[PDB]
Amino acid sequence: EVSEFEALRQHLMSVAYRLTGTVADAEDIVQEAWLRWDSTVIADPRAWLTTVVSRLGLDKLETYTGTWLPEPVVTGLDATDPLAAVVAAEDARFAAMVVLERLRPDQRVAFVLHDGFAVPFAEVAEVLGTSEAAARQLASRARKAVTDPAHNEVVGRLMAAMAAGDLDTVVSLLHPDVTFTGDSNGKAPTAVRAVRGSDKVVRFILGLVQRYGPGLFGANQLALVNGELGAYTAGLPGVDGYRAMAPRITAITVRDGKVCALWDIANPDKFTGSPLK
């Protein structure tokens, strides 16, 4: 009873959160799935509730600032959490999700349902509303809009290293076009606009340890961010004339064995995938 049930709702949550970029937006869309279950004698609850959720997800597809970013899901290292199964998929990675958010409120459902969730186009066409090839084409314009197993090794190395101020190591681990992007909807000093490039990202970073100090690392917890090892912070008070910092969640993106991007998420309104909340 509960098993088959939880597996479906997980599937429903898995698709819902990805349809948007918010776990509250998924929490409210799966909310109707149950209510719209009504009819059966013979039925396929799995295929039906997707459409219901997918359409409600399309119904979705304060706010006086800029540079939007997706709400993250933060589970413990056991990944036993109920929101873990949501982001267990590798394409639920924060990098993958920011690609999807603030970019495609149209090519989303076609790409997500098919690339991510392996839904054939005829069924995607159903929630869509048109032809077979018209689902593949609204999906093909998504796969174009896009243009490592060392993650823990690279995040791990980094998590400690930077506390030595080993700057020679840190600039090599970064991409020449590495990025630091902060969700500035939240009232918190961040990259209110995106900062670009290696040496220049380091500069921004140097300001951080300068501003908040070294207690910085002690409030920063090791945790799973969207299925892979990232980190979040409970915040700091600042007692040696350092600025009081805010609790926030920081995701990391890795390729070439180098940190290709960093993500700053500081809006308290987006903590519903978090231990903070």
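Sequential numbering from 1, following the sequence displayed.
Participant: Deposited residues absent from the coordinates between residue 209 and residue 210, none, 1 to 3, 4 to 9, or 10 or more?
Facilitator: In the record, the chain runs straight from residue 209 to residue 210 with none unmodelled.
Participant: If you count the residues of the deposited sequence that sit between residue 80 and residue 81 but have no coordinates, do you get none, 1 to 3, 4 to 9, or 10 or more?
Facilitator: Count of unmodelled residues in between: none.
Participant: Between 250-258 and 8-16, name whichever shows the higher mean Cα B factor according to the PDB entry.
Facilitator: Looking at the record's C-alpha B-factors, the answer is 250-258.
Participant: I need to verify one thing: averaged over C-alpha atoms only, is the B-factor higher for 231-239 or for 46-54?
Facilitator: Stretch with the higher mean C-alpha B-factor: 231-239.
Participant: So if I compare the CA B-factors in the entry for 93, 114, 102, 151, which one is the largest?
Facilitator: In the PDB entry, the greatest C-alpha B-factor among 93, 114, 102, 151 is found at 102.
Participant: For the C-alpha B-factor as written in the entry, point me to the maximum among 124, 118, 162, 86.
Facilitator: Answer for 124, 118, 162, 86: 162, with the highest C-alpha B-factor.
Participant: Sort the modelled residues of this chain by their C-alpha B factor and say whether residue 216 lands in the lowest, middle or highest third.
Facilitator: It falls in the top third of the chain.
Participant: Quick one: classify residue 71 as lowest, middle or highest third of the chain based on its Cα B-factor.
Facilitator: CA B-factor rank for residue 71: lowest third.
Participant: Which third, lowest, middle or highest, does the C-alpha temperature factor of residue 37 belong to within its own chain?
Facilitator: Lowest third - that is where residue 37 ends up once the chain's C-alpha B-factors are sorted.
Participant: Going by the entry, which third of its chain does the Cα temperature factor of residue 138 land in?
Facilitator: It belongs to the middle third of the chain when residues are ordered by C-alpha B-factor.
Participant: Quick one: classify residue 110 as lowest, middle or highest third of the chain based on its Cα B-factor.
Facilitator: Tercile = middle for this residue's CA B-factor.
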